[PDB]
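Read the single chain below, which is given as structure tokens and is the form deposited in one PDB entry.
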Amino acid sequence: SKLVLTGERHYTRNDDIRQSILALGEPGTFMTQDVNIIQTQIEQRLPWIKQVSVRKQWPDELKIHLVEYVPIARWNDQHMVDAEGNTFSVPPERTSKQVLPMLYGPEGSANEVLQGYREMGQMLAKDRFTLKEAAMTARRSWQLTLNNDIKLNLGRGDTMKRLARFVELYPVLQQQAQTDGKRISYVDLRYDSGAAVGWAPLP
């Protein structure tokens, strides 16, 4: 009797798999357990697992092969999200040193928000703006936190046009704040025909 554990692991610790099998009965009977029930226990107990395969193999081997979700962003505010828009979670202690963009959105919007972070993010990076946070509301209104603590209220309209104008007309506002020892903390391109801008002292 032996347990062969494969697949790439970042969040999965040994005990996690150990405690899954143990939940099913006494140690030493583990080889007589139901392979589909083991799979259920792992999927349930370890929500960062995207795919688990469990099978018995000759001679006397329990093969368990794991595939973990891979996060590209955090998801309001306890969950994470992967490149395919799948939503999952992982105990906080296991992830406190990862620099990830933060996405916020209504429940079930994970993928909608993601495609927007994708599009906005790439139009921004073309210049120097690091897209740090992206919040979509239940109406489809958007706010962004850029590289410094810069909040960008983009609104509900056509947002790529406004984001574009922001890119064109941020350089000159930057030079204004710097000459006057401030930094641009907030921008409101929420509305056609108007913009508001807020500043704050510079560190």
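For the two forms, the rigid core is made up of the largest set of C-alpha atoms that agree within 1.5 Å on superposition. Residues that one form lacks are left out of the comparison. All residue numbers are counted from 1 along the displayed sequence.
Beyond the structure shown, there is the form deposited with a partner chain bound, which is absent from this document and is the topic of what follows.
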item	value
Interface residue in the deposited bound form among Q33, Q44, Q176, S53, criterion: non-hydrogen atom within 4.5 angstroms of its partner chain	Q176
Location of its partner chain contact in the deposited bound form, chosen stretch of 53 to 61, 33 to 41, 138 to 146, 66 to 74 [non-hydrogen atom, 4.5 Å]	138 to 146
Non-hydrogen atom contact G181 with its partner chain in the deposited bound form at 4.5 angstroms	no
Contact of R165 with its partner chain in the deposited bound form (heavy atom, 4.5 Å)	yes
Exercise: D188 in contact with its partner chain in the deposited bound form, heavy atom 4.5 Å	yes
Any non-hydrogen atom of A195 within 4.5 angstroms of its partner chain in the deposited bound form	yes
Core fit, then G194 C-alpha moves 2 Å or more between the shown form and the other one	yes
Segments displaced between the shown form and the other one (3 or more residues, each Cα shift of 2 Å or more, core-superposed)	1 to 4, 57 to 61, 193 to 195
